[PDB]
Amino acid sequence: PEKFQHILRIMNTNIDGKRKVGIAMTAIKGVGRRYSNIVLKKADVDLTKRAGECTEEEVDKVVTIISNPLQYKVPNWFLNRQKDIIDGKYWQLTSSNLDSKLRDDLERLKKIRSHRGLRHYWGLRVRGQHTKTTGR
Amino acid sequence: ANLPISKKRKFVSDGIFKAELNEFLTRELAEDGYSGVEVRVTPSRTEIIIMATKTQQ
Amino acid sequence: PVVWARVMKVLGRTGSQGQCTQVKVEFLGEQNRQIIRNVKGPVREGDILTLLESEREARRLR
Amino acid sequence: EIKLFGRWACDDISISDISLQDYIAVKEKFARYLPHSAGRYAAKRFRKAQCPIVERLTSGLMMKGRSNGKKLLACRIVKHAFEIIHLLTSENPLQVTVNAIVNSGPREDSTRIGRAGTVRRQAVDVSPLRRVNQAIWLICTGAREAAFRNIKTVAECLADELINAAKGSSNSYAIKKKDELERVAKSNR
Amino acid sequence: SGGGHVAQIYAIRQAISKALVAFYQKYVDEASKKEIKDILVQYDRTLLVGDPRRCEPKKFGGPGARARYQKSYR
Amino acid sequence: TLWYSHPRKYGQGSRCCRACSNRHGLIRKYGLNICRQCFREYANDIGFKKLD
Amino acid sequence: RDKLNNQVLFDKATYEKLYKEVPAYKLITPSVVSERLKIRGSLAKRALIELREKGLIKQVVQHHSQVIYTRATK
Amino acid sequence: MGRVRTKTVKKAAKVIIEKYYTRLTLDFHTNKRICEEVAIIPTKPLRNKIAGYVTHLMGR
Amino acid sequence: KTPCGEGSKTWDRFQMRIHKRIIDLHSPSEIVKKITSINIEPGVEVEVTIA
RNA sequence: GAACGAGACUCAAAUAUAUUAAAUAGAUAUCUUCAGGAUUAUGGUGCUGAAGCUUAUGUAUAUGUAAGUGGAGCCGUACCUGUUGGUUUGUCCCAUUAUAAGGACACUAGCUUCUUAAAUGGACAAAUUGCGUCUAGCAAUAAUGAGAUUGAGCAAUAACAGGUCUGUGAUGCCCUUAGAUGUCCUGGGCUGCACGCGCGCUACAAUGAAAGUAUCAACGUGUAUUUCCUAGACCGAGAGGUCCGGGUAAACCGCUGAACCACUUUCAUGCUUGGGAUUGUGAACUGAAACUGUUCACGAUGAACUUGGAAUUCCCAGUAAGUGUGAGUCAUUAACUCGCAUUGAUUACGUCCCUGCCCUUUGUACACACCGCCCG
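- Structure determination for the deposited model, as stated in its record, used cryo-EM, and the stated resolution is 3 Å.

1. Brief notes about the overall build of chain C
Here's step 1: The number of helices and strands found in chain C is one helix and five strands.
Here's step 2: Counting from the amino terminus, chain C carries its helices and strands in the arrangement β-α-β-β-β-β.
Here's step 3: In terms of C-alpha radius of gyration, chain C reaches 11 Å, essentially the compact-globule figure of 11 Å for 62 residues.
Here's step 4: If one aligns the C-alpha atoms of chain C with their principal axes, the spans along those axes are about 35 × 20 × 20 Å.
Here's step 5: Going through the 62 residues of chain C one by one, you find that 48% of them count as buried.
Here's step 6: Here the contacts in chain C between residues at least 6 apart in sequence split such that 39% fall between residues at least 24 apart.

2. Looking at the interface of chain D and chain C
Here's step 1: Tallying the contact residues gives 28 residues for chain D and 24 residues for chain C.
Here's step 2: Both faces considered, chain D and chain C share a buried interface measuring about 2500 Å² in area, 50% of it formed by carbon and sulfur atoms.
Here's step 3: Ranking the residues of chain D by area buried against chain C places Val124, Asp125 and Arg130 of chain D at the top, with a combined share of 24%.
Here's step 4: Joining chain D to chain C, the criterion identifies one salt bridge.
Here's step 5: Its salt-bridge partner being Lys186 of chain D, residue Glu53 of chain C comes within 3.2 Å of it at the nearest N-O pair.

3. Notes on the protein's contact with RNA strand J
Here's step 1: Around RNA strand J sit 163 residues, and of these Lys20, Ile23, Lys83, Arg116 and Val126 of chain A come closest.
Here's step 2: Backbone sugar and phosphate groups make up 71% of those atoms of RNA strand J lying within 4 Å of the protein.
Here's step 3: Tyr35 of chain A places a polar main-chain atom, nitrogen or oxygen, 3.2 Å from a phosphate oxygen of RNA strand J.
Here's step 4: Contact between RNA strand J and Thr55 of chain H: a sugar or linking oxygen at 2.6 Å from a side-chain N or O atom of the residue.
Here's step 5: Broken down by element, the residue count for the surface near RNA strand J peaks at five residues, all from helix α5 (residues 115-122) of chain A.
Here's step 6: Looking at side-chain class alone, the surface near RNA strand J contains 46 nonpolar, 54 polar and 63 charged residues.

4. A closer look at the nonpolar core
Here's step 1: If you look at the biggest cluster of nonpolar residues, it comprises 19 residues, and the most contacted ones within it are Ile10, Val21, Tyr35, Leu40, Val59, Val62 and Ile65 of chain A.
Here's step 2: Elements with a contribution of two residues or more to this core: α2 (35-40) and α3 (56-67) of chain A.
Here's step 3: Here this core takes four residues from α3 of chain A, the largest share from any one element.
Here's step 4: Those residues in contact with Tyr35 of chain A, other than ones at most four positions away along the chain, are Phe78, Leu79 and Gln92 of chain A.
Here's step 5: Counting residues in each nonpolar core, the second largest holds 18 residues, with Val78, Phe82, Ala146 and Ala159 of chain D among its members.

5. Considering the pattern of salt bridges
Residues and elements named next belong to chain A.
Here's step 1: Considering all chains together, one arrives at 19 salt bridges over all chains under this definition.
Here's step 2: Taking the shortest distance from any N to any O, the salt bridge between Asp46 and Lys49 comes out at 3.3 Å.
Here's step 3: Residue classification places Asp46 among the partly exposed residues on the basis of a relative accessible area of 38%.
Here's step 4: Among the residues examined, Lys49 registers a relative accessible area of 17% and is labelled buried.
Here's step 5: Here the residues in one salt-bridge network are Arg81, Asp84, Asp105 and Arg108, joined through shared partners.

6. Notes on the interface of chain E and chain D
When the parts of a complex come together, some accessible area is lost, and that lost area is often used as the size of the interface.
Here's step 1: On the chain D side, the residues contacting the nine residues of chain E number 10 residues.
Here's step 2: Both sides together, the interface formed by chain E and chain D hides about 800 Å², and carbon and sulfur atoms give 44% of it.
Here's step 3: Counting across the interface, chain E meets chain D through zero salt bridges.
Here's step 4: Summed over the shared surface of chain E and chain D, the result is three residue pairs in polar contact.
Here's step 5: Classifying every residue of the side of chain E that touches chain D gives five nonpolar, one polar and three charged.

The rules behind each value
The numbering shown runs from 1 along each chain in the order of its written sequence and may not match that of the entry; residues for which no coordinates exist are omitted. Whichever chain is written first is A, and whichever ligand is written first is 1; the rest continue in order. Within a larger assembly, only the chains shown are considered here, and all values are given for them alone. Side-chain measures here rest on the full set of heavy atoms in the structure, leaving out hydrogens and waters. Numbering of helices and strands runs from the N terminus, with a helix taken as a DSSP run of H or I at least four residues long and a strand as a DSSP run of E at least two residues long. As defined in this context, the radius of gyration uses C-alpha atoms, and a globule is described by 2.2 Å times the residue total to the power 0.38. Only protein chains enter the accessibility calculation, which uses a 1.4 Å probe; a residue is then buried when its area is under 20% of its type maximum, exposed when over 50%, and partly exposed in between. Only heavy atoms enter the contact rule, under which two residues are in contact if any of them lie within 4.5 Å. For any pair of parts, buried area is found by adding up, for both, the accessible area (1.4 Å probe) each one loses once the two are put together. Each salt bridge in this description consists of a side-chain nitrogen of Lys or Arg and a carboxyl oxygen of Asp or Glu lying within 4 Å of one another. When we say a residue is near a molecule or strand, we mean one of its heavy atoms is within 4 Å of it. Here a polar contact is recorded for every N or O atom pair within 3.5 Å, except that within protein the pair must consist of a potential hydrogen donor and a potential acceptor, and residues adjacent in sequence are included only if both atoms are side-chain atoms. Here the nonpolar group is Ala, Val, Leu, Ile, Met, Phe, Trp, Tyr, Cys and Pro; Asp, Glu, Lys and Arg are the charged ones; every other residue, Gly included, is treated as polar. Remark: nonpolar core denotes a set of buried residues (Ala, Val, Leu, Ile, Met, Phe, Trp, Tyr, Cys) joined through side-chain atoms within 4.5 Å.

Structure below.
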């Protein structure tokens, strides 16, 4: 049966809740397509259920544990951004704060004038491979 | 060699010893017209003969 | 239409190699009126084909 | 006997197209359960003329790079496709395909003299051992384009059209491009 | 041992067809000589042949065994 | 000593070609170090008949 | 263009219409599930699990990515 | 597909006209075996090419 | 194959087959190296383990 | 009598293991924990406190289980399966530390099919209604493991202004060396990128994709001032860490028990978990030392691509193509090439159109040879 929600909404995006949550709830920006099943079975929800169910009485647990990953039994190497090292907090930024200090991290790369951040400014392919014919 | 190395290198580590020799006997004794060799690794000592046209050289 | 067509001979690959190996098709009701077609397709003796047009003769046998 | 290939029968099927039998010793003298003969079918000019209609389309779905080199996966599809044919009017796929390929082959006329200044001088007859040599191929092309993107999967789509190609125009799966070239080749001769 | 999956499946079907020609010819029966293979000259089911096909060697200059990469401007 | 650089026991340069001192053409599949271009005619006589 | 306005939706508000079905159904797969609209394939894995009454229905075999049903007709 | 025995098989094919007219007959496997003593074939598997010809020689 | 390998890529092969045959024994100590240097000839070195 | 080239020969492998035959590989029998078949045969026997489980627990884990409990089980034997290990000159032994020989006995109580090529073994077609001409009735598919296992190595005459002086202690002459081009001392570069071009890799998914679950390779490589193949524990989300073991190799990895393919579930064909380009942070590894980078995983990002214009490649059978693995250089890094196995089609079974190459006949005013010569 499916007559319940047909839509969802969390912080920073509206979840298009049509698909099954094993492939659906990674549409939040900052969550890997295996990181959902890492969190959701720790979030005590049945993964075989589609996203027409799993409304707010199941979303209530999943929202704060993104803000508190370390207090919810996930190790810090299985997190997105540990080793900041600025403030030392092993974070996981998501969909607003992913891009908030994205430019601020390479702002230091313009303060320290390093060629990694200069390649960000000049425009290349992301890493240091050959620019004889990639160069676009 | 006091090493227990197996047959896939024994026939070439002592095996290129005859080809590195083959121009060394050409170069050092070139006064004779050095023709060829015959080596025989016997127990406790090895001997190699050298054929030439000028043999009291 | 489905007018019967049995074969007599398979030839060299004329048609400038479309392997259009021509033939001298024999029919059922007669044995003497029967005459050439230039078919496409490899043929053994005994290929009982059925042809549409019995009016084309294609008179450039090689 | 050695009928009942998986489920039904290998006998009780003989259409006498007049006089377009004397085709192939198909399986009345060549009883089988699965078509997996191993390797040797390209050794003489005519080895597959002593070999059934039902061999070649099993291996005939092996194209497009990531789908060739898989025959026993392809025989799985077509064996399970064969009871879709038991679900369409409950007719066995022997007189579904052999009644297809009478009409699923381009009849007699195809257009090739293309090494000349034009192309239009064309074949008087097509040999029936080359009718079936691509009549099995026309339905493979219709099998991919039906099951390409979103429509309906490979297991039902080729069996969707074998009795629909038992006679004429349903759509342009393959029935058109069996009738496309035949009217051209008499518009050219 | 050896081969892949269906190589051995093509071999274990050979196995007892290898045996009834090698174990009916000593004590059992000589009706079991000729109707061994009247069943299998109607078929032969590639069962009494030492199949000579084998993976042919790869030659130089290309990736295939009998196929060498080109289109290099001519 | 001082400025006596490159402890060359990483990478082939320069533990290479005791026979002919050719750097970038080394062959090592039995441990020979013999300039493989020279090896094409040194193969006789070190066995190495082309049987096929 | 079958862009299929669709949420992956269980919808037992059409399961009283999921016995409109079997007259005159004959070829029911999750791929010919496109006959009914609101076409699914993954909740339509679930949608014919309880279509196995062995009465008014018949299947051949369940298989990975291969499901085929029909009517047990007269 | 040579349709005659092609290369230099008259090393034996015209020495058996008078020097070995007899000492053989129409059997192909007999004169398979008589060739080994009449000439020192140094690598043998040339032998049946210069033995198998007598099936065409004595018939002609 | 070619030195300074510019042009018409070609390859060569260097086969060298080492063959060996094994013969058993259960015998006293020195009765086999009474056949020490016969028949010795270049290419073969014969190993015998008395254990 | 010409002679070389081509044939012929040489290799792999198909092929008879008849013969020679075993650290290995083994078929075979034998023996090693009733191996469930009281659903092939059978006994002490079962509702009668038995197996099982409760309590206190006896090294401040033997945990039997009698007692609590339980309602019926514990115990006998086997044709078949399933076994440590031992029967390759044996069953007892003589002898020997023990094996072999010595005896009886089988009087072979593990042999040569496979693994292993040692040597031999193996295609010639007699016959094809037409006086194809008293010479090729090649319709004998047959016959047959085989019409070659058929793939390869060698490769003449003639030369090119093909490539290499930066393969070398092959080298002319040239050049520079007390102001070195050498030799290098350090680092950078060969990886610089608005662009053109080349061979490739990965994909553009629902024959698929995803997590499990079934299970088979072959070619071979394998450490010795050691830095390699690797077993088996330990510690680790993983990368990787500690401590020991085997293999100089048919012995150990290793039944090299590889990968798609097989099955089941999860995704429904959404530019979506198709696809992984890009990119931040951490965790690591070798190199003294790692940055338009030396590689390797973890979370995160999810670019183009929905099959590719003009054109243009490779190939006729275990081939193409799919899928792996070995080896090469290798401290570390393979998308590369040299091998190898595995899955295994289509479509010819042929012509000279296309583009080349040969043969002559023929034209020529060309002969640095039609990229010619050459006219106003």
